[PDB]
Amino acid sequence: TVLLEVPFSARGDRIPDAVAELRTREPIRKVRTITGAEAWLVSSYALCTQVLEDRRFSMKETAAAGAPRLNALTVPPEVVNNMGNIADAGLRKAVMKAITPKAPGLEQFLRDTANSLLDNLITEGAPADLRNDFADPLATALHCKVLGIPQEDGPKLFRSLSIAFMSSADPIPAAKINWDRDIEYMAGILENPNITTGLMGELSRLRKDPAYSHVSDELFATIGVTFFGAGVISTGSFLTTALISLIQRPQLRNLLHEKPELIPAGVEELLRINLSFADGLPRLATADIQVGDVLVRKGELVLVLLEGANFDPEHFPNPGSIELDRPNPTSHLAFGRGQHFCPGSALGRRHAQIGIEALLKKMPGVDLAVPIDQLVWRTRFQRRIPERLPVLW
Ligand code: HEM
Ligand SMILES: Oc1ccc(-c2n[nH]c(NCc3c[nH]cn3)c2-c2ccc(O)cc2)cc1
Ligand SMILES: Oc1ccc(-c2n[nH]c(NCc3c[nH]cn3)c2-c2ccc(O)cc2)cc1
């Protein structure tokens with residue numbers, strides 16, 4: 001027998017029985033990644049939070065030359081430190097303000113786009129693909145709006161993502177090609193006088209502001225590419241697997257349809273049980289640090305298994321069930337924790353809440369149109385998603 005390998009399963013509709021067993025017996029244990037490197041897999045809520053809240057477990061240094069790797073880089077090394085670069089350039093507050101869902105028109109844009117997507121589906125008739133023809137276009141449309149770039153440009157940028165967020169043992173030639181092309185697109189956007197709204201609009205004017213004159217010009221285009229990619233792949237994938245969890249629970253579906261004011265509470269539970277992250281979050285130990293029964297050594301790789309924490313019965317009793325009245329409802333790790341907590345968390349919540357609200361209104365009888373085992377789960381990818389999500393209503 002060989003050392004236990006990660007990831008365990010590409011299926012995003014059920015957590016393996018093995019996670020519970022692992023968490024109970026060995027909440028931190030050694031595993032092998034797809035590159036052949038060894039790593040510590042952390043799977044209890046307590047130890048996951050300890051790692052995420054201790055900056056000596058570094059995200060930046062996972063990109064160091066010769067480090068044990070979860071997967072191959074699909075960005076330049078320094079872009080792993082993207083938020084650190086943004087903060088050092090003085091751009092953190094501006095980036096945050098631009099990607100809030102409280103921007104005027106934004107919530108109405110989401111509703112209009114979702115409703116328009118659903119009407120098209122209805123007109124075509126069942127079956128409909130809720131991933132390719134609903135959740136992902138909605139994510140793509142949203143991030144075009146958030147960035148301030150043409151809606152028409154969305155599908156072209158989206159096409160990079162099935163490779164850009166691969167979880168590969170080896171570097172990917174196509175990833176570099178798409179990167180260079182997408183970076184050039186965003187640089188053009190910065191020079192485009194028509195682009196005055198959203199994130200790219202704000203970055204364009206900060207670029208001409210004397211207070212930012214010494215900010216690297218390549219960081220501006222990089223922010224656009226990375227926030228579009230991360231936002232679209234994360235919201236599209238989350239909404240998709242959230243719709244599966246909802247569909248699998250007709251009474252919850254009915255309840256939220258009847259009482260839509262419960263939808264935010266519903267989405268928060270759907271976030272907690274969400275299996276969209278295919279791998280643990282990687283960190284490199286920059287010191288010798290005790291984690292449970294293991295002294296992690298400087299230079300070693302640690303993987304924070306989000307569903308390990310989020311299904312931990314010591315923190316979330318009956319973790320497999322959706323409870324709209326938990327006393328600790330946002331304390332899940334779906335958005336991470338600590339220094340690198342997701343900057344798009346508000347946008348991600350609203351994308352899901354509005355998508356679900358529109359869906360339940362337009363398709364109250366929504367149900368899977370194929371047996372659940374017929375869903376095709378994407379492999380070697382940083383997210384777990386079904387290639388198609390056929391439904392009827
Ligand atoms: C439901 C939707 C989303 C989920 C589940 C999600 C999940 C996460 C998680 C778990 C992390 C932490 C990664 C780590 O600590 O290693 C993260 C970070 C990040 N997220 Fe999200 N995210 C979502 C939406 C978004 C959106 C809408 C954006 C931007 C528009 C975004 C951009 C980012 C960026 C740039 C980081 C890196 C933060 C850093 O390095 O400090 N995400 N996300
Ligand atoms: O056009 C794009 C947009 C995004 C990525 C991307 N792919 N994978 C990751 N994640 C870290 C990673 C893992 N393996 C290799 N890179 C990112 C990313 C996300 C956000 C961020 O701030 C910094 C990088 C790639 C191409
Ligand atoms: O298993 C591993 C992990 C990482 C490296 C590594 N390669 N290049 C660097 N260079 C940055 C660097 C900063 N200070 C001293 N090295 C490091 C490294 C080491 C330890 C550390 O705490 C932070 C980074 C090598 C093997």
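Residues: numbered from 1 along the sequence shown. In listed order, ligands and their atoms are each counted from 1. Just the heavy atoms: all of them, side chains too, but no hydrogens, waters or symmetry mates, feed the values below.
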Would you mind running through ligand 3 and noting each atom that sits below 4.0 Å from a heavy atom of [X]?
{"X": "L284", "value": "3 (C), 4 (C)"}
{"X": "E61", "value": "23 (C), 24 (C)"}
{"X": "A64", "value": "6 (C), 7 (N), 8 (N), 9 (C), 17 (C)"}
{"X": "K298", "value": "20 (C), 22 (O)"}
{"X": "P68", "value": "1 (O), 2 (C)"}

Check for me whether [X] has a heavy atom closer than 4.0 Å to any atom of ligand 1.
{"X": "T235", "result": "yes"}
{"X": "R283", "result": "yes"}
{"X": "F277", "result": "yes"}

(message) Is it the case that the side chain of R297 and the backbone of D288 share a donor-acceptor pair, with hydrogens and angles ignored and the cut-off at 3.5 Å?
(response) no

(request) Verify, without hydrogens or angle tests, whether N310 (side chain) and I273 (backbone) share a donor-acceptor contact under 3.5 angstrom. (result) no

(request) Record the part of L301 in heavy-atom contact with ligand 3 below 4.0 Å; permitted values are side chain, backbone, both and neither. (result) neither

(message) If we set the cut-off at 4.0 Å for heavy atoms, which region of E300 has an atom near ligand 3: side chain, backbone, both, or neither?
(response) neither

(request) Evaluate whether atom CD of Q251 has more than 12 neighbouring non-hydrogen atoms of other residues, nucleotides or ligands under 6.0 angstrom away. (result) no

(message) Please determine whether the number of non-hydrogen atoms from other residues, nucleotides or ligands lying under 6.0 Å from atom CD of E152 exceeds 12.
(response) no

(message) With a heavy-atom distance limit of 4.0 Å, tell me whether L281 approaches ligand 1 through its side chain, its backbone, both, or neither.
(response) side chain

(request) Pick one of side chain, backbone, both or neither for how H351 approaches ligand 1, counting any non-hydrogen atom pair under 4.0 Å. (result) neither

Residue [X] vicinity, atoms of ligand 1 by number, heavy atom under 4.0 Å:
{"X": "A334", "answer": "5 (C), 7 (C), 10 (C)"}
{"X": "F227", "answer": "29 (C), 30 (C), 35 (C)"}
{"X": "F238", "answer": "1 (C)"}
{"X": "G231", "answer": "26 (C), 27 (C), 28 (C), 29 (C), 30 (C)"}
{"X": "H143", "answer": "27 (C), 30 (C)"}

Out of [options], indicate the one that has the non-hydrogen atom closest to [atom].
{"atom": "atom 9 (C) of ligand 2", "options": "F165, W179, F228, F227", "result": "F165"}
{"atom": "atom 2 (C) of ligand 3", "options": "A63, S58, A65, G299", "result": "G299"}
{"atom": "atom 25 (C) of ligand 1", "options": "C342, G338, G229", "result": "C342"}
{"atom": "atom 19 (C) of ligand 1", "options": "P343, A242, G344", "result": "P343"}
{"atom": "atom 24 (C) of ligand 2", "options": "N178, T62, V225, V79", "result": "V79"}

Would you call [X] a ligand 2 contact, heavy-atom distance under 4.0 Å?
{"X": "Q382", "value": "yes"}
{"X": "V80", "value": "no"}
{"X": "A72", "value": "yes"}

(message) Strictly inside 4.0 angstrom of atom 18 (C) of ligand 2, do you find any protein heavy atom?
(response) no

(request) Could you tell me whether atom 11 (C) of ligand 2 has a protein heavy atom closer than 4.0 Å? (result) no

Less than 4.0 Å between a side-chain N and a carboxylate O, is that true for [Y] and [X]?
{"X": "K30", "Y": "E38", "result": "yes"}
{"X": "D136", "Y": "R131", "result": "yes"}
{"X": "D209", "Y": "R205", "result": "no"}
{"X": "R253", "Y": "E258", "result": "no"}
{"X": "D279", "Y": "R384", "result": "no"}
{"X": "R326", "Y": "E323", "result": "yes"}

Ligand 2 atoms in contact with [X] (distance to a heavy atom under 4.0 Å):
{"X": "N71", "answer": "13 (C), 14 (N)"}
{"X": "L73", "answer": "15 (C)"}
{"X": "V75", "answer": "5 (C), 6 (C), 16 (N), 25 (C)"}

Counting non-hydrogen protein atoms only, what is the nearest one to [atom]? Give residue, atom name and distance.
{"atom": "atom 20 (C) of ligand 2", "value": "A230 CB, 3.9 Å"}
{"atom": "atom 26 (C) of ligand 2", "value": "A164 CB, 3.4 Å"}
{"atom": "atom 15 (C) of ligand 2", "value": "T74 N, 3.0 Å"}

(message) Minimum heavy-atom separation for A141 and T113, please, with both atom names.
(response) CB-CG2, 3.8 Å

(request) Quick one: closest heavy-atom pair of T62 and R69, and the distance? (result) O-NH1, 2.6 Å

(message) Counting only nitrogen or oxygen atoms and a 3.5 angstrom limit, does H340 reach ligand 1?
(response) yes

(message) Name the residue from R349, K102, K145 that meets the salt bridge (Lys or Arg N to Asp or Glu O under 4.0 Å) definition with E107.
(response) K102

Any luck finding a side-chain donor-acceptor pair between [X] and [Y] under 3.5 Å?
{"X": "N318", "Y": "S321", "answer": "yes"}
{"X": "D312", "Y": "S44", "answer": "no"}
{"X": "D170", "Y": "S168", "answer": "no"}
{"X": "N115", "Y": "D112", "answer": "no"}
{"X": "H332", "Y": "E269", "answer": "no"}
{"X": "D182", "Y": "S160", "answer": "yes"}

(message) Classify the ring geometry of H315 against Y45: parallel below 30°, tilted from 30° to 60°, perpendicular beyond 60°.
(response) parallel

(message) I'd like to check whether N82 has a polar contact with ligand 2, where a contact means an N/O of the residue lying under 3.5 Å from an N/O of the ligand.
(response) yes

